[PDB]
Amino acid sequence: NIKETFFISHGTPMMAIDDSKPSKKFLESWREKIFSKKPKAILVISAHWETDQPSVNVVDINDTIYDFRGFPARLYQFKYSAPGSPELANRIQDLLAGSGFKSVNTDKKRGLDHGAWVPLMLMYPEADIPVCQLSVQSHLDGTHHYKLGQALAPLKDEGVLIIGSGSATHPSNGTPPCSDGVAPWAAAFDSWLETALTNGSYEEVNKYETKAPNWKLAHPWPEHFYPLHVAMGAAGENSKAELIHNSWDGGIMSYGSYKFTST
């Protein structure tokens, strides 16, 4: 049914209201210009939900979680009450367990963190498509998440839109900006990633720690990068990666987003 998986950049919560971000106009054009098909359900691997073992969201309605401090009060008024899919949740449990993940937990009470509901509120604003969330295991490695994606790969034939939500670059809150360029280290890293992805060098991206330039500056902590790996795996071995968006915030926080097309 569905032959694509995506990695997008959840940005920061300001992307719900800051229209000075091309990221927002990009996400808003989702159903018209990016993915026209209506998916049966949506699975989001969001970087803002990390756990020790794979964890799935099992609720019939997602609560809208404001996992951010220090923003306009308008942001805490938002509700993206999309349904959950216990169907999909179980399907994910079984698919993951069937591939070697013996311990895979479930949370029957939590909804969507801003890593899911902020983008989804722009792409699918009616809030009527089931959204189920998968967690990222930050203290593991990239290959683990590639495998989590491979395990999820069959979900596509069942109308599931697999989306990893992170940031192409996620420099520390302590990294200094660039006044009117794009920081050299960040362009190096983004260039590396594109060259890897568009050529299907997925083993390389699994091994970013030993092949990417400036990865410690780009991803000091991996959580915002591992959803890329998951979408990568879910697309498949010979999928075709395309860069569908890029924009920068401080000259250092890339918003790059990729579409993986299985063949």
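Start at 1 and count along the sequence shown; that's the residue number.
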(message) When the Cα temperature factors in the entry are averaged, is it 194 to 202 or 231 to 239 that ends up higher?
(response) 231 to 239
(message) Mean CA temperature factor from the deposited coordinates, higher in 160 to 168 or in 88 to 96?
(response) 88 to 96
(request) Select one of 148, 121, 73, 186: the residue whose C-alpha shows the highest B-factor in the crystal structure entry. (result) 73
(request) Quick one: classify residue 37 as lowest, middle or highest third of the chain based on its Cα B-factor. (result) highest
(message) Splitting the chain's C-alpha B-factors into thirds, which one does residue 224 fall into?
(response) lowest
(request) Report the third (lowest, middle or highest) to which the CA temperature factor of residue 247 belongs, ranking only the modelled residues of the same chain. (result) lowest
(message) Splitting the chain's C-alpha B-factors into thirds, which one does residue 20 fall into?
(response) highest
(request) State the tercile, meaning the lowest, middle or highest third, of residue 104 with respect to the CA B-factors recorded for its chain. (result) highest
